[PDB]
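Q: Quick check, what structure comes out for this input:
(one chain, ligands or ions: 2)
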Amino acid sequence: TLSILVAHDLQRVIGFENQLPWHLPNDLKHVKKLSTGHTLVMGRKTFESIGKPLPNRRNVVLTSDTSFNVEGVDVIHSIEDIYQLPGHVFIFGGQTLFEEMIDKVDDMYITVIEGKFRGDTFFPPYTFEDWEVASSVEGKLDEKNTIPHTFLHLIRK
Ligand SMILES: NC(=O)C1=CN([C@@H]2O[C@H](COP(=O)(O)OP(=O)(O)OC[C@H]3O[C@@H](n4cnc5c(N)ncnc54)[C@H](OP(=O)(O)O)[C@@H]3O)[C@@H](O)[C@H]2O)C=CC1
Ligand SMILES: CCc1nc(N)nc(N)c1C#C[C@@H](C)c1cc(OC)cc(-c2ccncc2)c1
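A: Residues are numbered from 1 along each chain as shown. Ligands and ions are numbered 1, 2, ... in the order given. Next comes the structure:
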């Protein structure tokens with residue numbers, strides 16, 4: 001299985017100055033649940049914005065930099081290398097990788113942040129005409145999660 005995993009706002013904003021424009025604990029819990037034991041694939045900027053691999057899953061970074069070798073990180077150099085990864089593989093970001101992979105994924109796990117943030121990086125446009133709603137779950141609000149959000153699992157038609 002090849003899946004996208006993304007949090008985007010109402011305008012499909014995903015990033016601002018190599019950070020997430022929002023803090024949402026629930027969505028981190030969502031990601032843990034979903035990806036632990038599996039593989040995450042990310043572009044070099046996405047990785048470098050955190051600088052440390054996520055524990056308890058396979059962290060793969062795509063880059064043209066042939067001297068990239070962070071401990072706990074496996075490296076790939078082409079889009080093609082993705083199809084050679086065994087298991088459930090999550091396209092994890094960022095914008096440029098999402099743009100390359102959106103027409104190739106089986107399904108998408110989208111967290112919709114029901115807000116409008118300033119951004120410089122965006123999830124590619126998509127229409128529901130192409131995607132079946134497998135599930136739509138409204139996120140729960142509290143003191144730690146103050147921003148409305150919806151977990152969408154979308155499967156290609
Ligand atoms: N909200 C969310 O769910 C997510 C948001 N983000 C955000 O996205 C932003 C980063 O996005 P973006 O700027 O597009 O960068 P990316 O994370 O997509 O990384 C881009 C880099 O990945 C490498 N790469 C991509 N495609 C290829 C290829 N086909 N062959 C070889 N290398 C390739 C290149 O690295 P190199 O230059 O070294 O060759 C390229 O410069 C950040 O702001 C981050 O916060 C990221 C993930 C999720
Ligand atoms: C969760 C935010 C998020 N939510 C959703 N629904 N999809 C995503 N693809 C991302 C994402 C992402 C990128 C920016 C990322 C890469 C990374 O490299 C492994 C570590 C983290 C991270 C680890 C723990 N705490 C904060 C951030 C985030």
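
Q: Burial check on residue 129, number of neighbours?
A: 6 (other CB atoms under 10 Å). For every residue, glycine as well, the C-beta is placed using N, CA and C.

Q: Next, it: secondary structure please.
A: Secondary structure state of residue 129, per DSSP: H, G, I helix; E, B strand; the rest coil, is helix.

Q: which helices and strands sit right next to the lengthiest helix in the chain?
A: Under DSSP state H, the helix in the chain containing the largest number of residues is helix 25-35. Other elements packing on helix 25-35 under the criterion 3 or more CB pairs under 8 Å, 6 or more residues apart in numbering; DSSP states H and E are strand 2-9, strand 89-93, strand 107-113, strand 149-156.

Q: in the last one, what's buried?
A: Of all the residues in strand 149-156, those buried under the rule 16 or more other CB atoms under 10 Å are 149, 151-154.

Q: One more: the first one?
A: Within strand 2-9, the residues that qualify as buried are 2-9, counting by 16+ other CB under 10 Å.

Q: name the element residue 147 belongs to?
A: Residue 147 belongs to no helix or strand when assigned by DSSP states H and E.

Q: OK, contacts around it?
A: 22, 24, 113-115, 141 (CB atoms under 8 Å, 6 or more residues apart in numbering).

Q: Drop anything exposed from those.
A: 22, 24, 113.

Q: near ligand 2 too, which of the residues you listed?
A: Contacts with ligand 2 are made by none of the buried ones among the contacts of residue 147, judged by CB under 6 Å from any ligand atom.
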